[PDB]
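Only one chain is given next, in structure tokens, and it is the form deposited in one PDB entry.
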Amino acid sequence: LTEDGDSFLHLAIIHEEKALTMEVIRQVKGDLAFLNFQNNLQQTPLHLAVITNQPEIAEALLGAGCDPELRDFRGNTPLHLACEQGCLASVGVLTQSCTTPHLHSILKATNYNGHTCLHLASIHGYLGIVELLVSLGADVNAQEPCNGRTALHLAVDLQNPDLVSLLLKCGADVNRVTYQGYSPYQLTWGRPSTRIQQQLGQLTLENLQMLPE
């Protein structure tokens, strides 16, 4: 309603007037039209809540029944943001509350850069969120759209031996290949980490070396 497309609720949270917010979302009941109002950056009150690390306000917005699946200008659902920022509380609220099978959908959705929640969590090093997302039902072998990479590939790409270990501990398939036909192991050539190359040399012999010609 304001200038940047923001409503009073948006401001209620943006300036961290929890009190006001707690109330606005209380005085104004179950009205989606306003609870799912998106601004010019296509953010909803829920998005702003988690971006500004206010779990409860988000927990409230959800309680009042807002939509957990609306995407921001980057194609992100609030959970995506929660995982991208590493806020473990927000993650909890956004996954504990809507226990609805909508979770499966969210965990399945990628943003405009082709990234799922697990992917965003893995891109930064939030192993705790990564492992939580997996026990919640996110598919560790989910492939990214641009090249068909799995969290495991990204792990090699990010040279993060701890992420690698976690993913293998979660049953990640070391022989899943990218669209170029490559295994995580095969992305190690040219990269410095020998630790990673050790953690992975338990994948098909036919998926270890590059090719010539």
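For clarity, a rigid core is taken as the largest C-alpha set superposing within 1.5 Å between two forms. Shifts are known only where both forms have a C-alpha. Throughout, we count residues from 1 along the sequence that is shown.
In what follows, reference is made to the form deposited in another entry, a form of this protein that is not presented.
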Open item on the list: After superposing on the rigid core, which residue out of 123, 98, 132, 106 has its C-alpha displaced by 2 Å or more between this form and the one not shown?
Closed with: 98
Task: Core-superposed C-alpha of residue 144 shifting 2 Å or more between this form and the one not shown - done: no
Open item on the list: Taking 2 Å as the cut-off, check whether the CA of residue 198 shifts that much or more between this form and the one not shown after a rigid core fit.
Closed with: no
Task: Shift of residue 67 between this form and the one not shown at or above 2 Å (CA, core fit) - done: yes
Open item on the list: Thinking of the 3 angstroms or more shift, are the C-alphas of residue 48 and residue 65 brought closer or pushed farther apart in the other form than in this view?
Closed with: closer
TODO: Using the form shown as baseline, tell whether residue 122 and residue 207 are closer or farther in Cα-Cα distance in the other form, where the change reaches 3 Å or more.
DONE: farther
Task: Consecutive stretches, 3 or more residues long, displaced between this form and the one not shown (C-alpha shift of at least 2 Å once the core is aligned) - done: 22 to 26, 32 to 36, 61 to 69, 97 to 100, 102 to 104, 202 to 213
